[PDB]
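Visitor: Shown below is the structure under consideration.
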There are 6 protein chains.
Amino acid sequence: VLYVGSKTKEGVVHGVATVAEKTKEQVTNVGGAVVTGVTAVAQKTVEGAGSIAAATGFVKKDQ
Amino acid sequence: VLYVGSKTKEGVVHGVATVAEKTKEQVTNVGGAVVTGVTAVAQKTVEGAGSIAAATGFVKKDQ
Amino acid sequence: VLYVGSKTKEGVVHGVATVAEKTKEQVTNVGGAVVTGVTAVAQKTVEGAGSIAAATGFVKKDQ
Amino acid sequence: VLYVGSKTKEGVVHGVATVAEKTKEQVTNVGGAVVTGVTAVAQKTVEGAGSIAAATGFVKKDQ
Amino acid sequence: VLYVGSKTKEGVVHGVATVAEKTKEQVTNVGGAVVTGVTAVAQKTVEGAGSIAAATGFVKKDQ
Amino acid sequence: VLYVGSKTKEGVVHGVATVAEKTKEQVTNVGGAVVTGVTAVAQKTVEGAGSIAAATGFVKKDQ
């Protein structure tokens, strides 16, 4: 009736300072799923299921 | 009836400073799914399921 | 009736400073699921089931 | 006689990523010297004295 | 006679990621010297005296 | 005669990730010297005296 949100923050990322020094970063996928390198990600949902980094190498649901 | 959102923030990313120094970054996919390098991503949904980095190498649902 | 949220914070990440120095980072997936490298991630859901890093190498649910 | 410099670096700045969010930045000088905001500066000298941010509010060397 | 510098680094700054969030930054100098905000600075000298952030509010050397 | 420097590093700063969140940063100098905010600074000298953050409020050396 009188909802008030003044300085609400929801699913927020701020003030993030990252450094990554690699001489070799090697991914080798052979018939699967791979999820790497997720940085400073924000998500908000209203009535919904939400993933961020979901990995399923594959699925076998024949017949 | 009297909803008020004054300085609301939802699914927000700000003030992000990243550095990535690599001498070699090599991805080798062979018959799958791969998701890399997701930085400073924001999503907001209203009545909806939302992924951000979903990986399924493949699917076998014949017949 | 008179909900008031003044400086609410929900699912928030801030003031994060990370450094990663690797001479070699090698992932080798062979027929599975892999989830690596999740940094500074925020999620908020309203009526929804939400993962962040879910890994299922595969699934065999034939017939 | 056989000086060799192959990949020498001297007075070098690289790979710098900065963010500055200010709602008000106010400097008020009244009869002096002020030095602010020096970012990603490189200097190299050969036989010479070199400052980068030297401040002298004033000098009184009469007579 | 056979000086060799292969991958020498001297006075070097690299891979620097900084974030500065201020709601008010106020400097008020009244008859002096002030030095603020020096970030990612490199200097190399050969036969020379070198400062980087030297502050002298003033000097009184009359007569 | 056969000086060899292969991967020498001298006066080097690298891989620095800093965050500074201030709601108010206030400096008030009244007739002096002030040195603040020195981050990721490198200096190398050859035959020379070198400061980095030297503060002398003032000097009185009359006569």
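Every chain in the structure tokens takes a letter, A first, then B, and so on in the order presented; its residues are numbered from 1, and the ligands are numbered from 1 following the presented order.
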Would you mind listing what lies within 8 Å of region 27-30 of chain C as an MDAnalysis selection string, with only C-alpha atoms counted and same-chain residues fewer than 3 positions away left out?
Guide: (chainID A and resid 26:32 34) or (chainID C and resid 33:34)
Visitor: Please provide chain E as an mmCIF file with N, CA, C and O atoms, in the first residue's frame, once it has been superposed on chain A by least squares across all sequentially paired Cα atoms.
Guide:
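selection_39.cif was written with the following content:
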```cif
data_model
loop_
_atom_site.group_PDB
_atom_site.id
_atom_site.type_symbol
_atom_site.label_atom_id
_atom_site.label_comp_id
_atom_site.auth_asym_id
_atom_site.auth_seq_id
_atom_site.Cartn_x
_atom_site.Cartn_y
_atom_site.Cartn_z
ATOM 1 N N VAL E 1 0.833 -1.194 0.000
ATOM 2 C CA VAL E 1 0.000 0.000 0.000
ATOM 3 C C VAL E 1 0.871 1.247 0.000
ATOM 4 O O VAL E 1 0.588 2.208 -0.712
ATOM 5 N N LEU E 2 1.936 1.235 0.794
ATOM 6 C CA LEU E 2 2.889 2.339 0.817
ATOM 7 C C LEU E 2 4.312 1.791 0.842
ATOM 8 O O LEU E 2 5.159 2.200 1.637
ATOM 9 N N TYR E 3 4.578 0.823 -0.030
ATOM 10 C CA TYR E 3 5.936 0.340 -0.229
ATOM 11 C C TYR E 3 6.853 1.508 -0.548
ATOM 12 O O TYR E 3 6.525 2.350 -1.385
ATOM 13 N N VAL E 4 8.002 1.564 0.114
ATOM 14 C CA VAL E 4 9.016 2.575 -0.159
ATOM 15 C C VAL E 4 10.378 1.898 -0.146
ATOM 16 O O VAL E 4 10.792 1.347 0.880
ATOM 17 N N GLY E 5 11.069 1.931 -1.276
ATOM 18 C CA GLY E 5 12.449 1.499 -1.314
ATOM 19 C C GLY E 5 13.341 2.670 -1.654
ATOM 20 O O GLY E 5 13.280 3.178 -2.772
ATOM 21 N N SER E 6 14.170 3.119 -0.714
ATOM 22 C CA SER E 6 14.870 4.385 -0.902
ATOM 23 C C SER E 6 16.194 4.219 -1.642
ATOM 24 O O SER E 6 16.380 4.788 -2.719
ATOM 25 N N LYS E 7 17.122 3.461 -1.085
ATOM 26 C CA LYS E 7 18.409 3.262 -1.734
ATOM 27 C C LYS E 7 18.704 1.780 -1.845
ATOM 28 O O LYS E 7 19.842 1.325 -1.728
ATOM 29 N N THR E 8 17.639 1.016 -2.079
ATOM 30 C CA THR E 8 17.725 -0.424 -2.262
ATOM 31 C C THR E 8 18.820 -0.786 -3.255
ATOM 32 O O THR E 8 19.056 -0.066 -4.226
ATOM 33 N N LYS E 9 19.519 -1.880 -2.986
ATOM 34 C CA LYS E 9 20.415 -2.499 -3.952
ATOM 35 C C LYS E 9 20.136 -3.991 -3.935
ATOM 36 O O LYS E 9 20.061 -4.599 -2.865
ATOM 37 N N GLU E 10 19.970 -4.577 -5.113
ATOM 38 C CA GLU E 10 19.660 -5.989 -5.255
ATOM 39 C C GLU E 10 20.499 -6.553 -6.389
ATOM 40 O O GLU E 10 20.519 -5.987 -7.484
ATOM 41 N N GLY E 11 21.179 -7.662 -6.133
ATOM 42 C CA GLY E 11 22.021 -8.259 -7.143
ATOM 43 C C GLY E 11 22.948 -7.233 -7.739
ATOM 44 O O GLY E 11 22.827 -6.894 -8.914
ATOM 45 N N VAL E 12 23.856 -6.708 -6.935
ATOM 46 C CA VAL E 12 24.707 -5.598 -7.333
ATOM 47 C C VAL E 12 26.153 -5.990 -7.102
ATOM 48 O O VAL E 12 26.473 -6.662 -6.120
ATOM 49 N N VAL E 13 27.023 -5.588 -8.013
ATOM 50 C CA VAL E 13 28.453 -5.760 -7.856
ATOM 51 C C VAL E 13 29.107 -4.432 -8.170
ATOM 52 O O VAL E 13 28.871 -3.867 -9.239
ATOM 53 N N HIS E 14 29.917 -3.921 -7.249
ATOM 54 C CA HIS E 14 30.585 -2.666 -7.539
ATOM 55 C C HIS E 14 31.904 -2.577 -6.796
ATOM 56 O O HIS E 14 32.117 -3.255 -5.795
ATOM 57 N N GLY E 15 32.795 -1.746 -7.317
ATOM 58 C CA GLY E 15 34.097 -1.548 -6.721
ATOM 59 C C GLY E 15 34.954 -2.786 -6.760
ATOM 60 O O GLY E 15 35.527 -3.178 -5.745
ATOM 61 N N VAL E 16 35.063 -3.405 -7.926
ATOM 62 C CA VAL E 16 35.785 -4.658 -8.092
ATOM 63 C C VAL E 16 37.008 -4.392 -8.944
ATOM 64 O O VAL E 16 36.888 -3.908 -10.070
ATOM 65 N N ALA E 17 38.181 -4.709 -8.419
ATOM 66 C CA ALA E 17 39.422 -4.481 -9.134
ATOM 67 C C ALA E 17 40.232 -5.758 -9.130
ATOM 68 O O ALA E 17 40.763 -6.147 -8.091
ATOM 69 N N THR E 18 40.340 -6.399 -10.286
ATOM 70 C CA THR E 18 40.989 -7.694 -10.381
ATOM 71 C C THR E 18 42.121 -7.628 -11.385
ATOM 72 O O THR E 18 42.066 -6.860 -12.343
ATOM 73 N N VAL E 19 43.146 -8.437 -11.160
ATOM 74 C CA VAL E 19 44.278 -8.561 -12.064
ATOM 75 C C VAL E 19 44.558 -10.040 -12.245
ATOM 76 O O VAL E 19 44.530 -10.798 -11.273
ATOM 77 N N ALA E 20 44.814 -10.455 -13.480
ATOM 78 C CA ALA E 20 45.101 -11.851 -13.780
ATOM 79 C C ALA E 20 46.277 -11.919 -14.734
ATOM 80 O O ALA E 20 46.146 -11.564 -15.904
ATOM 81 N N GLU E 21 47.416 -12.385 -14.245
ATOM 82 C CA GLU E 21 48.612 -12.529 -15.062
ATOM 83 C C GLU E 21 48.908 -14.012 -15.221
ATOM 84 O O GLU E 21 49.301 -14.674 -14.258
ATOM 85 N N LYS E 22 48.732 -14.533 -16.427
ATOM 86 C CA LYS E 22 49.013 -15.928 -16.713
ATOM 87 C C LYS E 22 49.942 -16.020 -17.907
ATOM 88 O O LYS E 22 49.757 -15.309 -18.892
ATOM 89 N N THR E 23 50.940 -16.895 -17.824
ATOM 90 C CA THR E 23 51.834 -17.067 -18.963
ATOM 91 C C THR E 23 51.240 -18.017 -19.998
ATOM 92 O O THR E 23 51.515 -17.888 -21.194
ATOM 93 N N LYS E 24 50.422 -18.970 -19.565
ATOM 94 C CA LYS E 24 49.612 -19.750 -20.489
ATOM 95 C C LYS E 24 48.362 -20.259 -19.802
ATOM 96 O O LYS E 24 48.452 -20.964 -18.797
ATOM 97 N N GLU E 25 47.207 -19.933 -20.363
ATOM 98 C CA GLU E 25 45.936 -20.486 -19.921
ATOM 99 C C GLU E 25 45.385 -21.335 -21.053
ATOM 100 O O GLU E 25 45.049 -20.807 -22.115
ATOM 101 N N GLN E 26 45.290 -22.644 -20.829
ATOM 102 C CA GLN E 26 44.918 -23.580 -21.878
ATOM 103 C C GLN E 26 43.735 -24.405 -21.428
ATOM 104 O O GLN E 26 43.823 -25.115 -20.427
ATOM 105 N N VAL E 27 42.643 -24.329 -22.167
ATOM 106 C CA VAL E 27 41.499 -25.197 -21.943
ATOM 107 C C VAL E 27 41.448 -26.173 -23.103
ATOM 108 O O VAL E 27 41.636 -25.778 -24.259
ATOM 109 N N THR E 28 41.231 -27.447 -22.796
ATOM 110 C CA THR E 28 41.089 -28.484 -23.804
ATOM 111 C C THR E 28 39.855 -29.299 -23.467
ATOM 112 O O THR E 28 39.898 -30.157 -22.585
ATOM 113 N N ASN E 29 38.760 -29.029 -24.159
ATOM 114 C CA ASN E 29 37.528 -29.769 -23.968
ATOM 115 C C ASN E 29 37.464 -30.842 -25.034
ATOM 116 O O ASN E 29 37.801 -30.585 -26.192
ATOM 117 N N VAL E 30 37.054 -32.042 -24.641
ATOM 118 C CA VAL E 30 36.876 -33.155 -25.562
ATOM 119 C C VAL E 30 35.514 -33.753 -25.258
ATOM 120 O O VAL E 30 35.387 -34.611 -24.382
ATOM 121 N N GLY E 31 34.494 -33.309 -25.974
ATOM 122 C CA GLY E 31 33.184 -33.887 -25.797
ATOM 123 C C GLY E 31 32.534 -33.640 -24.457
ATOM 124 O O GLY E 31 32.005 -34.579 -23.865
ATOM 125 N N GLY E 32 32.560 -32.413 -23.946
ATOM 126 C CA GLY E 32 31.853 -32.076 -22.733
ATOM 127 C C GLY E 32 31.466 -30.609 -22.709
ATOM 128 O O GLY E 32 31.552 -29.905 -23.714
ATOM 129 N N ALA E 33 31.056 -30.149 -21.527
ATOM 130 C CA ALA E 33 30.765 -28.744 -21.300
ATOM 131 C C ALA E 33 31.796 -28.175 -20.344
ATOM 132 O O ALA E 33 32.270 -28.875 -19.449
ATOM 133 N N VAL E 34 32.151 -26.911 -20.548
ATOM 134 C CA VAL E 34 33.129 -26.213 -19.721
ATOM 135 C C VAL E 34 32.678 -24.765 -19.568
ATOM 136 O O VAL E 34 32.253 -24.138 -20.543
ATOM 137 N N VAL E 35 32.751 -24.243 -18.347
ATOM 138 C CA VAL E 35 32.418 -22.858 -18.053
ATOM 139 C C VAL E 35 33.547 -22.280 -17.221
ATOM 140 O O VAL E 35 33.750 -22.703 -16.080
ATOM 141 N N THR E 36 34.279 -21.321 -17.776
ATOM 142 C CA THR E 36 35.336 -20.654 -17.030
ATOM 143 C C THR E 36 35.221 -19.145 -17.187
ATOM 144 O O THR E 36 34.548 -18.645 -18.091
ATOM 145 N N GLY E 37 35.874 -18.424 -16.278
ATOM 146 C CA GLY E 37 36.018 -16.986 -16.393
ATOM 147 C C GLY E 37 34.736 -16.188 -16.276
ATOM 148 O O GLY E 37 34.293 -15.579 -17.254
ATOM 149 N N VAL E 38 34.130 -16.180 -15.094
ATOM 150 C CA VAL E 38 32.936 -15.389 -14.820
ATOM 151 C C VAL E 38 33.284 -14.389 -13.729
ATOM 152 O O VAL E 38 33.551 -14.776 -12.586
ATOM 153 N N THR E 39 33.278 -13.106 -14.079
ATOM 154 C CA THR E 39 33.746 -12.053 -13.193
ATOM 155 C C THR E 39 32.760 -10.903 -13.218
ATOM 156 O O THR E 39 32.338 -10.470 -14.291
ATOM 157 N N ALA E 40 32.400 -10.408 -12.037
ATOM 158 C CA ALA E 40 31.571 -9.218 -11.915
ATOM 159 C C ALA E 40 30.268 -9.387 -12.695
ATOM 160 O O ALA E 40 30.002 -8.705 -13.676
ATOM 161 N N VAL E 41 29.473 -10.344 -12.242
ATOM 162 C CA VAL E 41 28.206 -10.673 -12.875
ATOM 163 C C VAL E 41 27.092 -10.438 -11.873
ATOM 164 O O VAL E 41 27.211 -10.826 -10.709
ATOM 165 N N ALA E 42 26.024 -9.800 -12.311
ATOM 166 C CA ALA E 42 24.876 -9.566 -11.457
ATOM 167 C C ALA E 42 23.612 -10.010 -12.168
ATOM 168 O O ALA E 42 23.449 -9.762 -13.361
ATOM 169 N N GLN E 43 22.717 -10.664 -11.440
ATOM 170 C CA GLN E 43 21.443 -11.065 -12.007
ATOM 171 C C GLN E 43 20.352 -10.905 -10.973
ATOM 172 O O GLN E 43 20.545 -11.235 -9.807
ATOM 173 N N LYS E 44 19.206 -10.407 -11.404
ATOM 174 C CA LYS E 44 18.026 -10.376 -10.561
ATOM 175 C C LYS E 44 16.833 -10.860 -11.367
ATOM 176 O O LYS E 44 16.656 -10.461 -12.519
ATOM 177 N N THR E 45 16.026 -11.723 -10.770
ATOM 178 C CA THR E 45 14.874 -12.305 -11.430
ATOM 179 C C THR E 45 13.635 -12.073 -10.586
ATOM 180 O O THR E 45 13.722 -11.982 -9.360
ATOM 181 N N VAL E 46 12.484 -11.952 -11.237
ATOM 182 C CA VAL E 46 11.198 -11.880 -10.554
ATOM 183 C C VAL E 46 10.311 -12.978 -11.117
ATOM 184 O O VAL E 46 9.866 -12.891 -12.266
ATOM 185 N N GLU E 47 10.043 -13.996 -10.307
ATOM 186 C CA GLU E 47 9.345 -15.193 -10.754
ATOM 187 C C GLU E 47 10.092 -15.827 -11.925
ATOM 188 O O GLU E 47 9.690 -15.754 -13.084
ATOM 189 N N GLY E 48 11.243 -16.401 -11.603
ATOM 190 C CA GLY E 48 11.977 -17.169 -12.584
ATOM 191 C C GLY E 48 13.196 -17.808 -11.969
ATOM 192 O O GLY E 48 13.883 -17.209 -11.140
ATOM 193 N N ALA E 49 13.450 -19.040 -12.388
ATOM 194 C CA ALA E 49 14.650 -19.742 -11.972
ATOM 195 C C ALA E 49 15.826 -19.318 -12.835
ATOM 196 O O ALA E 49 15.766 -19.354 -14.062
ATOM 197 N N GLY E 50 16.907 -18.923 -12.181
ATOM 198 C CA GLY E 50 18.038 -18.397 -12.911
ATOM 199 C C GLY E 50 19.364 -18.966 -12.470
ATOM 200 O O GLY E 50 19.706 -18.920 -11.289
ATOM 201 N N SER E 51 20.112 -19.512 -13.415
ATOM 202 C CA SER E 51 21.459 -19.985 -13.172
ATOM 203 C C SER E 51 22.422 -18.853 -13.440
ATOM 204 O O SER E 51 22.018 -17.768 -13.850
ATOM 205 N N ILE E 52 23.697 -19.097 -13.181
ATOM 206 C CA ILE E 52 24.704 -18.165 -13.652
ATOM 207 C C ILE E 52 25.784 -18.914 -14.401
ATOM 208 O O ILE E 52 26.112 -18.569 -15.540
ATOM 209 N N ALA E 53 26.347 -19.946 -13.786
ATOM 210 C CA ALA E 53 27.312 -20.800 -14.475
ATOM 211 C C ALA E 53 26.910 -22.257 -14.253
ATOM 212 O O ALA E 53 27.406 -22.913 -13.337
ATOM 213 N N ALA E 54 26.019 -22.764 -15.097
ATOM 214 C CA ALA E 54 25.604 -24.153 -15.045
ATOM 215 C C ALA E 54 26.297 -24.919 -16.153
ATOM 216 O O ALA E 54 26.281 -24.492 -17.308
ATOM 217 N N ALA E 55 26.899 -26.055 -15.804
ATOM 218 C CA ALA E 55 27.598 -26.884 -16.779
ATOM 219 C C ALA E 55 27.021 -28.290 -16.774
ATOM 220 O O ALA E 55 26.952 -28.934 -15.725
ATOM 221 N N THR E 56 26.609 -28.751 -17.951
ATOM 222 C CA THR E 56 26.228 -30.133 -18.188
ATOM 223 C C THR E 56 27.007 -30.632 -19.397
ATOM 224 O O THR E 56 26.721 -30.218 -20.523
ATOM 225 N N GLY E 57 27.997 -31.504 -19.166
ATOM 226 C CA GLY E 57 28.904 -31.974 -20.210
ATOM 227 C C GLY E 57 28.226 -32.460 -21.474
ATOM 228 O O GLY E 57 28.660 -32.153 -22.585
ATOM 229 N N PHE E 58 27.178 -33.258 -21.293
ATOM 230 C CA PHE E 58 26.155 -33.518 -22.295
ATOM 231 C C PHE E 58 24.992 -34.208 -21.594
ATOM 232 O O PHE E 58 24.936 -34.266 -20.364
ATOM 233 N N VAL E 59 24.048 -34.703 -22.386
ATOM 234 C CA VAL E 59 22.901 -35.442 -21.876
ATOM 235 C C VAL E 59 22.575 -36.555 -22.863
ATOM 236 O O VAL E 59 22.600 -36.334 -24.079
ATOM 237 N N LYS E 60 22.268 -37.744 -22.348
ATOM 238 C CA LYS E 60 21.837 -38.868 -23.181
ATOM 239 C C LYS E 60 20.476 -39.333 -22.679
ATOM 240 O O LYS E 60 20.395 -40.136 -21.746
ATOM 241 N N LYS E 61 19.411 -38.840 -23.305
ATOM 242 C CA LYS E 61 18.041 -39.186 -22.935
ATOM 243 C C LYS E 61 17.270 -39.700 -24.146
ATOM 244 O O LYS E 61 16.131 -39.306 -24.410
ATOM 245 N N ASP E 62 17.895 -40.607 -24.900
ATOM 246 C CA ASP E 62 17.237 -41.222 -26.049
ATOM 247 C C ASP E 62 16.041 -42.059 -25.608
ATOM 248 O O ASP E 62 15.967 -42.507 -24.460
ATOM 249 N N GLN E 63 15.110 -42.269 -26.536
ATOM 250 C CA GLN E 63 13.901 -43.064 -26.318
ATOM 251 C C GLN E 63 13.083 -42.507 -25.157
ATOM 252 O O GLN E 63 11.888 -42.237 -25.302
#
```
Visitor: Looking only at strand (DSSP E) from DSSP on the backbone, list the matching residues of chain B as an NGL selection string.
Guide: :B and (4-5 or 9-22 or 25-30 or 33-35 or 38-46 or 53-56)
Visitor: What does the file look like for those residues with N, CA and C atoms, as a short mmCIF file (atom, residue, chain, number, x, y, z; two decimals), in the first residue's frame?
Guide:
```cif
data_model
loop_
_atom_site.label_atom_id
_atom_site.label_comp_id
_atom_site.auth_asym_id
_atom_site.auth_seq_id
_atom_site.Cartn_x
_atom_site.Cartn_y
_atom_site.Cartn_z
N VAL B 4 6.99 3.36 -4.29
CA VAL B 4 7.99 4.39 -4.55
C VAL B 4 9.37 3.73 -4.53
N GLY B 5 10.06 3.77 -5.65
CA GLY B 5 11.45 3.36 -5.68
C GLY B 5 12.33 4.54 -6.01
N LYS B 9 18.57 0.08 -7.31
CA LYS B 9 19.49 -0.53 -8.27
C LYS B 9 19.23 -2.02 -8.26
N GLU B 10 19.08 -2.61 -9.44
CA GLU B 10 18.79 -4.02 -9.59
C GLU B 10 19.64 -4.57 -10.72
N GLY B 11 20.33 -5.67 -10.47
CA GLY B 11 21.19 -6.26 -11.47
C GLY B 11 22.11 -5.22 -12.06
N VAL B 12 23.00 -4.68 -11.24
CA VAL B 12 23.84 -3.56 -11.63
C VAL B 12 25.29 -3.93 -11.39
N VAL B 13 26.16 -3.52 -12.30
CA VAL B 13 27.59 -3.67 -12.13
C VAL B 13 28.23 -2.33 -12.43
N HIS B 14 29.03 -1.81 -11.51
CA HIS B 14 29.68 -0.55 -11.79
C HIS B 14 31.00 -0.45 -11.03
N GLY B 15 31.88 0.40 -11.55
CA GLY B 15 33.17 0.61 -10.94
C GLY B 15 34.05 -0.62 -10.98
N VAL B 16 34.17 -1.23 -12.14
CA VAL B 16 34.91 -2.47 -12.31
C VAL B 16 36.14 -2.19 -13.15
N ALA B 17 37.31 -2.49 -12.62
CA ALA B 17 38.55 -2.25 -13.32
C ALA B 17 39.38 -3.51 -13.32
N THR B 18 39.51 -4.15 -14.47
CA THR B 18 40.17 -5.43 -14.57
C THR B 18 41.31 -5.35 -15.56
N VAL B 19 42.34 -6.15 -15.33
CA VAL B 19 43.48 -6.25 -16.23
C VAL B 19 43.79 -7.73 -16.41
N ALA B 20 44.06 -8.14 -17.65
CA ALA B 20 44.36 -9.53 -17.95
C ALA B 20 45.55 -9.58 -18.89
N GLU B 21 46.69 -10.03 -18.40
CA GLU B 21 47.89 -10.15 -19.21
C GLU B 21 48.21 -11.63 -19.37
N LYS B 22 48.05 -12.15 -20.58
CA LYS B 22 48.35 -13.54 -20.87
C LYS B 22 49.29 -13.62 -22.05
N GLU B 25 46.62 -17.56 -24.54
CA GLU B 25 45.36 -18.13 -24.11
C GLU B 25 44.82 -18.98 -25.25
N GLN B 26 44.75 -20.29 -25.03
CA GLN B 26 44.39 -21.23 -26.08
C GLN B 26 43.22 -22.07 -25.65
N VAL B 27 42.13 -22.01 -26.39
CA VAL B 27 41.00 -22.89 -26.18
C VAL B 27 40.97 -23.86 -27.34
N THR B 28 40.76 -25.14 -27.04
CA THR B 28 40.64 -26.18 -28.05
C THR B 28 39.42 -27.01 -27.73
N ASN B 29 38.32 -26.75 -28.43
CA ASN B 29 37.10 -27.51 -28.25
C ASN B 29 37.06 -28.58 -29.32
N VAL B 30 36.66 -29.79 -28.93
CA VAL B 30 36.50 -30.90 -29.86
C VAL B 30 35.15 -31.51 -29.56
N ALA B 33 30.61 -27.98 -25.86
CA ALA B 33 30.30 -26.58 -25.63
C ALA B 33 31.32 -26.00 -24.66
N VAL B 34 31.66 -24.73 -24.86
CA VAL B 34 32.62 -24.02 -24.02
C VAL B 34 32.15 -22.58 -23.87
N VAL B 35 32.21 -22.06 -22.64
CA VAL B 35 31.86 -20.68 -22.35
C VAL B 35 32.97 -20.09 -21.51
N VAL B 38 33.46 -13.99 -19.36
CA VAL B 38 32.25 -13.22 -19.09
C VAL B 38 32.58 -12.22 -17.99
N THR B 39 32.56 -10.93 -18.34
CA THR B 39 33.01 -9.88 -17.45
C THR B 39 32.01 -8.74 -17.48
N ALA B 40 31.63 -8.25 -16.29
CA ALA B 40 30.79 -7.07 -16.17
C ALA B 40 29.49 -7.26 -16.97
N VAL B 41 28.71 -8.23 -16.52
CA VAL B 41 27.45 -8.57 -17.16
C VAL B 41 26.32 -8.35 -16.17
N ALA B 42 25.25 -7.73 -16.61
CA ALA B 42 24.09 -7.51 -15.77
C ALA B 42 22.84 -7.97 -16.49
N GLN B 43 21.95 -8.64 -15.77
CA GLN B 43 20.69 -9.05 -16.35
C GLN B 43 19.58 -8.91 -15.32
N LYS B 44 18.43 -8.43 -15.76
CA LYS B 44 17.25 -8.41 -14.92
C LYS B 44 16.07 -8.91 -15.74
N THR B 45 15.27 -9.79 -15.15
CA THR B 45 14.13 -10.38 -15.82
C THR B 45 12.88 -10.17 -14.99
N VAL B 46 11.73 -10.06 -15.65
CA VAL B 46 10.44 -10.01 -14.97
C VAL B 46 9.57 -11.11 -15.55
N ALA B 53 25.72 -17.86 -18.12
CA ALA B 53 26.70 -18.70 -18.80
C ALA B 53 26.31 -20.17 -18.59
N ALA B 54 25.43 -20.68 -19.44
CA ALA B 54 25.04 -22.08 -19.40
C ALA B 54 25.75 -22.83 -20.50
N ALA B 55 26.36 -23.96 -20.15
CA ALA B 55 27.08 -24.78 -21.12
C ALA B 55 26.52 -26.19 -21.13
N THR B 56 26.12 -26.65 -22.31
CA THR B 56 25.76 -28.04 -22.55
C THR B 56 26.56 -28.52 -23.76
#
```
